[PDB]
Amino acid sequence: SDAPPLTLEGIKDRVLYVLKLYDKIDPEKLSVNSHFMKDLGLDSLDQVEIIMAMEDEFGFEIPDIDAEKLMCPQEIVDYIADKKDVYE
Amino acid sequence: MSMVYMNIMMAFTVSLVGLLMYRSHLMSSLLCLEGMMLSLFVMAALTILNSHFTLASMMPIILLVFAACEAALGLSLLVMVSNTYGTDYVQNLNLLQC
Amino acid sequence: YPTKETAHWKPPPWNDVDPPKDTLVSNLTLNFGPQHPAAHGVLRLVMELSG
Amino acid sequence: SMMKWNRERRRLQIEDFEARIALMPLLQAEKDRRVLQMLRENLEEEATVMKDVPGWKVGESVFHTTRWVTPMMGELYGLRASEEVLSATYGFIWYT
Amino acid sequence: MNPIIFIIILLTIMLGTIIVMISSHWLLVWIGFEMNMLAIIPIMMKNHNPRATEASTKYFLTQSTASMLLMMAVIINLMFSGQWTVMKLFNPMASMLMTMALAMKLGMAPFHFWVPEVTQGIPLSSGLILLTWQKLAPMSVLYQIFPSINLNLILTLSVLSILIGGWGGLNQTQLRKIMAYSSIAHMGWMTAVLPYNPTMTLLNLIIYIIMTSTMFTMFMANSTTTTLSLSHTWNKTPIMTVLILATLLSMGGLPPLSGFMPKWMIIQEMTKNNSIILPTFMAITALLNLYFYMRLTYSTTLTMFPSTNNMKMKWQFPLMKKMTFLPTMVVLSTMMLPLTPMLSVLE
Amino acid sequence: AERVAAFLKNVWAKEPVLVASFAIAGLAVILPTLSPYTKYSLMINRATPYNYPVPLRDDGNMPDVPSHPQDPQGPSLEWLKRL
Amino acid sequence: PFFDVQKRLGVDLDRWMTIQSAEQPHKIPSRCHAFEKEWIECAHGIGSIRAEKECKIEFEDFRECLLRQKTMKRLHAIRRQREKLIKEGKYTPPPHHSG
Amino acid sequence: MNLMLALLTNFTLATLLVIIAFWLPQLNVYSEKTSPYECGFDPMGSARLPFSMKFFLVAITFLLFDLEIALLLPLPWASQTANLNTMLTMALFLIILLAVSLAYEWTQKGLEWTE
Amino acid sequence: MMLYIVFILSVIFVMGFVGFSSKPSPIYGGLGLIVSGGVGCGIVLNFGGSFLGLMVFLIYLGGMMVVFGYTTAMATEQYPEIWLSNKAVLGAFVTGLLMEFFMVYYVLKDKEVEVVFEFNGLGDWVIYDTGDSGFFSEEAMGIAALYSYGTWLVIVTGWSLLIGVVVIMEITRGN
Amino acid sequence: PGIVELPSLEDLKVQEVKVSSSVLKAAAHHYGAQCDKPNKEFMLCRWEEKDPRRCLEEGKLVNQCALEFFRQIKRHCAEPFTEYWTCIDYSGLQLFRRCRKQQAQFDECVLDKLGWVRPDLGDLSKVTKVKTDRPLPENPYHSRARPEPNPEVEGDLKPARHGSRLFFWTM
Ligand SMILES: CCCCCCCCCCCCCCCCCC(=O)OC[C@H](COP(=O)([O-])OCC(O)COP(=O)([O-])OC[C@@H](COC(=O)CCCCCCCCCCCCCCCCC)OC(=O)CCCCCCCCCCCCCCCCC)OC(=O)CCCCCCCCCCCCCCCCC
Ligand SMILES: COC1=C(OC)C(=O)C(C/C=C(\C)CC/C=C(/C)CC/C=C(/C)CC/C=C(/C)CC/C=C(/C)CC/C=C(/C)CC/C=C(/C)CC/C=C(/C)CC/C=C(/C)CCC=C(C)C)=C(C)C1=O
Ligand SMILES: CCCCCCCCCCCCCCCCCC(=O)OC[C@H](COP(=O)(O)OCCN)OC(=O)CCCCCCCCCCCCCCCCC
């Protein structure tokens with residue numbers, strides 16, 4: 001039948017799941033609001049890899065202008081929800 | 001019916017099941033269509049040649065003439081199927097009904 | 001009578017013509033030379049061939 | 001040149017075919033006696049092999065009609081040597 | 001396509017069907033179908049769009065498969081009878097193969113999946129040939145081999161066709177799929193009376209062809225291929241809405257219209273053979289056909305569906321399409337019941 | 001007549017091979033109708049004895065059926081020998 | 001045929017090849033010419049319903065010639081019996097059946 | 001029989017030479033030696049990728065023209081019949097229709113390869 | 001033995017049908033159809049028809065040559081499938097062989113197999129004719145009558161081939 | 001259904017002609033004109049009776065005239081004939097055209113010694129009539145009694161009573 005509806009709980013699970021697979025982020029101190037640069041210690045190009053991992057998880061293109069403002073797991077969910085109109 | 005008819009009719013049955021069970025390629029099914037014609041040629045010739053039905057000896061020749069018309073017509077459609085989708089897969093031809 | 005399976009179905013085109021599919025296949029790329037009798041020895045003529 | 005020669009080849013074919021016609025009555029007579037003898041040899045050996053079979057009539061016809069039916073290859077060379085059967089069945093087709 | 005070539009291809013469709021109808025030799029019957037199939041594909045692929053190519057491919061694969069079964073039946077018939085005459089088949093296996101072969105050509109259930117699709121994928125003018133002229137040759141063969149047809153096989157195909165056609169059409173909004181399923185249901189009646197009285201197979205065939213030609217012709221006049229598109233007819237040609245209403249009620253088998261003649265006569269012959277259950281089931285099942293004909297009347301004639309502003313620009317132009325024989329076909333498809341005893345001319 | 005010998009000259013200059021083809025094929029369809037020897041092609045074919053000449057039963061009223069092959073009755077191939 | 005145009009116009013389009021007992025090139029016969037003649041002549045005019053019951057003897061002879069089922073079984077029986085005896089050495093082949 | 005021996009001998013001899021070729025010489029196999037040849041530079045894309053056929057229409061016409069030999073090859077035997085008037089008429093009729101078939105595909109740009 | 005030559009060819013005839021009926025790459029499918037078309041010439045040739053045997057083989061070599069060209073253009077993928085590459089293809093290939101094997105095993109042991117039709121196993125040579133023909137080939141005489149007897153067959157077959165050329169051009173025009 | 005009647009191995013026995021095909025071919029034209037009557041009478045029996053067993057006696061006379069034919073060649077034309085059929089025997093097709101010189105010698109030895117004349121082109125292909133006291137067979141096919149035809153419908157055609165009589169229609 002129709003695929004399960006996309007929900008704000010589903011998106012958040014996917015974002016954490018992608019970041020958990022990443023080999024540079026420590027899973028222990030990884031929240032839905034931790035800042036990539038000041039908390040996890042990732043550099044500028046490390047953040048680019050994360051965005052590309054999101055492009056594969058969901059399947060839509062994230063341009064550079066938007067990808068620079070997604071500086072933490074929360075704004076990625078906010079951006080992902082905005083694109084798919086998952087208000088929930 | 002001698003034991004040769006057993007294998008000639010087995011060949012027709014094999015090609016019938018082949019045609020009715022597509023895998024992906026449309027060319028693979030057209031070969032089964034030509035395989036069925038080959039069986040019908042051998043079976044018609046065997047019956048006609050063994051009974052000395054002299055005038056019927058032209059049926060297998062006429063049978064081949066229209067076999068290639070179907071084969072030629074089948075290749076014409078295969079050209080246009082591939083021109084649209086880049087491959088002759090039969091799963092692309094689901095625009096109707098579905 | 002809409003159902004689950006026919007949920008993805010769409011009305012056909014008005015004039016029965018479907019959009020042409022975007023780029024599907026590319027041309028064959030061939031290395032013509034340098035070790036070719038007609039390449040004059042040291043020419044790598046990279047040709048994109050259709051047939 | 002080709003038409004004159006092709007006309008002489010038809011006159012030679014007619015002569016060749018008339019030689020066959022002159023002999024066919026003799027060849028026809030021998031074939032009748034060879035087929036009838038081979039059929040009796042089969043019949044005689046059918047009586048010495050099917051004596052104990054309960055419901056067996058020796059030399060019984062399979063047709064309702066009493067008309068003469070040309071015997072097929074099996075009825076003629078049934079209990080014969082394999083090589084002899086091979087030439088009669090496939091000798092002509094295999095000769096080159 | 002050059003007009004000269006189009007005519008020649010059409011005549012080859014007719015020549016192929018005529019050869020089947022005048023042939024006393026199976027090989028010539030098989031040649032007729034091959035010639036018929038060869039000429040019909042180009043007309044399907046005359047607009048050159050992906051749907052047309054898909055429809056032609058599905059129609060080629062189905063009809064080529066049936067041709068193989070048709071030739072296999074002929075060859076088995078030759079082995080067990082030593083002759084090629086177009087008459088009763090002399091081996092039961094041959095009869096099954098040709099009955100199934102001719103069911104695939106007609107589109108009878110369960111060999112029906114291609115009729116709704118091919119018709120939807122080809123123009124209306126091509127669909128008219130597919131549903132009317134292509135039934136002349138397969139029926140002309142079933143008319144000559146019916147003594148050797150297995151009764152359980154032919155009657156089973158008829159019951160399924162009536163059920164499948166009646167149920168399939170309820171879910172349709174496209175007019176070409178609606179007529180495709182309507183064809184399947186009507187094929188069931190033609191072959192259901194074939195064992196008992198072949199003349200009623202012809203009478204049903206002739207009435208069906210007239211009514212289907214009337215429906216397709218009026219659909220081509222307004223170039224309408226969907227239910228909603230047909231809903232605008234009342235704002236352009238109100239006369240065409242009444243004619244459509246009368247023909248749909250006729251196809252439904254309602255008296256005093258002409259479509260009640262075949263069903264009425266088929267029930268008579270079957271009951272004379274002490275077949276009461278089957279005609280009662282067939283007649284009741286045909287109410288499915290009447291239902292989706294009635295929705296068409298509701299959205300075409302009996303109500304006034306919403307229109308569009310640009311529709312006002314069509315009021316200033318005439319209907320320039322030919323509509324050949326449409327005035328005659330509407331009268332035959334709705335006002336022939338008083339002349340029913342004329343069916344004896346078919347004997 | 002001037003135009004007619006201007007289309008033929010053009011095809012003979014631009015497509016000599018097709019000019020030969022239609023000439024050879026044209027002569028193939030016409031000459032057999034006009035040739036006086038087309039009758040003999042049919043007579044030679046009949047005279048070729050593929051089958052055995054099965055004899056008739058003499059009922060006493062067949063004056064034109066030879067009793068012996070070396071008798072004057074029956075068809076003769078004298079024409080063929082001189083052809 | 002459905003429409004018998006050939007009968008109306010008296011033109012033979014395809015009735016020359018319907019049966020094997022019709023005229024053949026060079027009068028070449030078919031193996032079952034006699035049987036087909038007897039079955040065709042028996043069942044002429046009487047219709048198919050009568051011929052299925054009254055020309056059954058001829059049609060059974062005709063089918064025997066076509067497929068030789070009864071003949072092959074009889075040869076099979078003689079072959080089987082001979083194999084049994086020669087297996088246990090109870091029957092001696094004659095000099096001509098083997099040489 | 002004599003044909004089977006002639007066929008058997010011809011292919012057995014060919015198979016022996018292939019067997020000898022692969023077992024007599026000294027072998028030295030490495031990956032570079034067995035790589036596909038495209039003039040010294042590595043191929044770009046598999047050789048199994050689609051290769052367009054620009055003469056496809058002529059190829060289909062070949063099948064229809066390749067049957068005519070089946071129908072035309074019996075002519076030498078057909079000329080031996082007593083109905084030469086009928087045989088000659090239908091022999092020329094069949095060849096003429098083939099000529100018309102070639103003429104149609106020629107004038108309609110059917111013999112010209114697609115670009 | 002040499003008395004079972006036709007049966008041996010017929011077994012190879014079937015194995016070539018299980019070749020392209022399993023539907024591997026049409027390259028290998030066309031190879032099985034060439035093999036079955038070659039033995040098919042042999043089977044038809046052993047029953048007295050040499051023109052028919054060499055004509056079907058000649059025709060089917062032309063067709064497969066065109067199919068090879070089309071396969072490399074329309075019906076190819078990066079990894080063409082062999083009979084050992086797919087469980088679907090391999091399953092169909094093994095099933096076809098095992099079914100032919102049991103049909104051969106029973107028809108040679110019992111000499112009688114009944115599947116829809118009653119089949120006999122006394123050897124195909126038992127049904128041959130015991131009377132030699134004259135000074136001609138019967139199959140050649142029959143085929144040569146296409147031009148004297150089969151005038152109506154020549155017209156329909158001739159017209160179909162002409163219409164065949166017209167039809168394919170229309171279908172492949174496009175746009 | 002009934003035993004097949006077969007002659008014993010004493011009615012099928014006769015003095016056979018044991019010469020090769022080249023001997024028969026080299027003497028066919030003279031053989032077909034000297035032994036024409038006995039063997040044209042055998043073939044009439046063969047085609048009318050349609051049974052090998054009904055013409056055995058006629059067939060024996062064919063082997064009888066043939067042996068008599070070769071005995072006369074052995075008495076008068078023994079040597080020229082031997083040089084003839086040896087030339088025909090050499091060719092793989094047994095062509096006449098390659099042995100025309102030897103044929104002339106054999107055709108004149110028989111002409112002088114025996115008076116025989118070689119038939120002209122086309123004579124042996126004629127359909128000849130043969131007088132036979134053997135009665136013409138009746139029912140050589142052993143046909144049974146044919147079924148009777150259905151009673152043919154006779155009388156004059158009158159209009160249908162009360163029209164079609166279909167439900168309520170009065171015409
Ligand atoms: C039509 C059926 C009714 C439909 C109504 C709706 C019901 C639908 C369900 C249908 C149920 C089944 C069929 C109806 C039941 C019939 C069953 C039966 O047993 O049949 C026996 C029926 C009666 O035979 P009968 O008992 O021996 O004779 C009765 C009398 O003795 C009379 O026999 P007669 O020989 O002494 O005189 C004949 C009488 C005709 O018959 C009758 O009038 C009454 C007898 C019919 C039987 C009773 C049926 C009930 C319906 C009565 C219909 C009233 C008709 C009058 C309409 C007003 C006009 C005056 O008068 C004439 O027509 C004189 C002949 C005229 C020469 C015509 C020459 C050709 C030129 C054509 C010109 C076309 C007109 C152009 C107009 C231009 C205008 C500007 O025979 C039939 O099989 C024919 C059935 C069809 C009836 C046709 C009668 C009317 C003909 C004129 C058409 C007027 C329009 C029709 C109404 C439709 C309007 C939309
Ligand atoms: C000046 O600017 C420049 C160019 O621009 C002009 C250039 O182009 C180039 C590019 C450079 C090159 C392409 C190379 C430069 C040098 C050259 C010599 C090439 C240039 C031109 C030539 C004309 C050289 C020669 C060319 C040809 C075509 C000569 C052909 C010779 C033949 C012998 C052919 C005739 C006969 C035969 C039989 C074929 C020959 C080959 C064989 C292998 C035959 C023998 C084969 C066998 C298999 C033997 C039998 C074996 C067996 C097993 C069977 C027998 C045994 C049995 C048992 C049966 C450069 C760098 C350049 O700077
Ligand atoms: C009884 C039955 C026997 C008869 C059979 C009847 C069928 C005959 C034809 C069968 C063969 C098919 C050929 C028919 C088509 C002819 C060729 C053609 O149509 O080409 C069209 C040609 C286009 O060429 P284009 O590019 O425009 O440039 C030149 C300008 N014309 O432009 C043109 O206009 C073509 C120029 C005219 C071509 C005339 C062809 C005449 C063919 C018959 C010649 C016979 C006479 C020769 C024999 C005389 C005896 C020696």
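Order of listing sets the numbers, starting from 1, for every ligand and every atom in it. Computed over heavy atoms, backbone and side chain alike; hydrogens, waters and symmetry mates excluded. Just so we're on the same page: letters track the sequence lines, and every chain starts at 1.
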Inset, instruction - Starting from atom 21 (C) of ligand 3, locate the nearest protein heavy atom and write down its residue, its atom name and how far away it is, to 0.1 Å. - result: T107(H) CG2, 4.4 Å

Legend entry - Nearest non-hydrogen partners of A283(E) and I267(E), listed with the distance: CB-CD1, 4.2 Å

Legend entry - Nearest-contact summary for atom 10 (C) of ligand 3 - protein heavy atom, Å: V100(H) CG2, 3.8 Å

Inset, instruction - Identify, for atom 42 (C) of ligand 3, the protein heavy atom at the shortest distance, and state residue, atom and that distance. - result: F22(F) CD2, 3.5 Å

Inset, instruction - Could you tell me whether the side chain of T301(E) and the main chain of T241(E) form a donor-acceptor pair under 3.5 Å? - result: yes

Inset, instruction - Report yes or no: does a heavy atom of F7(F) sit under 4.0 Å from some atom of ligand 3? - result: yes

Legend entry - Is_contact(atom 47 (C) of ligand 3), protein non-hydrogen, under 4.0 Å: yes

Legend entry - atom 7 (C) of ligand 3 - nearest protein heavy atom and its distance: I96(H) CG2, 4.6 Å

Inset, instruction - Quick one: closest heavy-atom pair of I162(E) and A185(E), and the distance? - result: CG1-O, 3.8 Å

Inset, instruction - Would you verify that at least one protein heavy atom lies under 4.0 Å from atom 33 (C) of ligand 3, or report that none does? - result: no

Inset, instruction - For residues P74(H) and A70(H), report the shortest heavy-atom separation together with the two atoms involved. - result: CD-O, 3.1 Å

Legend entry - Pairing residues for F167(J) by the ring-ring contact (aromatic ring centres under 6.0 Å, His included) criterion, not counting sequence neighbours: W264(E)

Legend entry - Pairs where residues 61-106 of chain H contributes a residue and the test ring-ring contact (aromatic ring centres under 6.0 Å, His included) is met, not counting sequence neighbours: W77(H)-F51(I)

Legend entry - Nearest non-hydrogen protein atom, atom 1 (C) of ligand 3: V29(F) CG1, 4.6 Å

Legend entry - Shortest protein heavy-atom distance from atom 15 (C) of ligand 3, along with the residue and atom involved: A103(H) CB, 4.5 Å

Inset, instruction - Heavy atoms only: give me the nearest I168(I)-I60(H) pair and the separation to one decimal. - result: CD1-CG2, 3.4 Å

Are there any protein N or O atoms under 3.5 Å from the N or O atoms of ligand 1? List them with distances, or say none.
| from | atom 1 | to | atom 2 | distance (Å) |
| --- | --- | --- | --- | --- |
| ligand 1 | 19 (O) | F168(J) | O | 3.4 |
| ligand 1 | 19 (O) | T170(J) | N | 3.4 |
| ligand 1 | 26 (O) | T170(J) | OG1 | 3.4 |

Legend entry - Sub-4.0 Å atoms of ligand 3 with respect to non-hydrogen atoms of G26(F): 48 (C)

Legend entry - Within the protein, residues bringing a heavy atom under 4.0 Å of ligand 2, chain by chain: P37(C), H40(C), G41(C)

Inset, instruction - Measure from the side-chain N and O atoms of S76(B) to the backbone N and O of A72(B), and report whether any donor-acceptor pair falls under 3.5 Å. - result: yes

Legend entry - Min side-chain heavy-atom separation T12(E)-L38(E) under 4.5 Å: no

Legend entry - Cationic N near anionic O, under 4.0 Å, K109(H) to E112(H): no

Legend entry - Expected output: side-chain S258(E) to main-chain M335(E) donor-acceptor under 3.5 Å: yes

Legend entry - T61(H)-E105(H) side chain donor-acceptor pair, cut-off 3.5 Å: yes

Legend entry - For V58(H) against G110(H), the heavy-atom pair lying closest together: CG2-O, 3.9 Å

Inset, instruction - Give a yes or no on whether atom 36 (C) of ligand 3 lies under 4.0 Å from any heavy atom of the protein. - result: yes

Legend entry - Student check: side-chain heavy atoms of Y196(E) and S275(E) closer than 4.5 Å: yes

Inset, instruction - Kindly give the heavy-atom pair with the smallest separation between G62(I) and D66(H), and that separation in Å. - result: CA-OD2, 4.2 Å

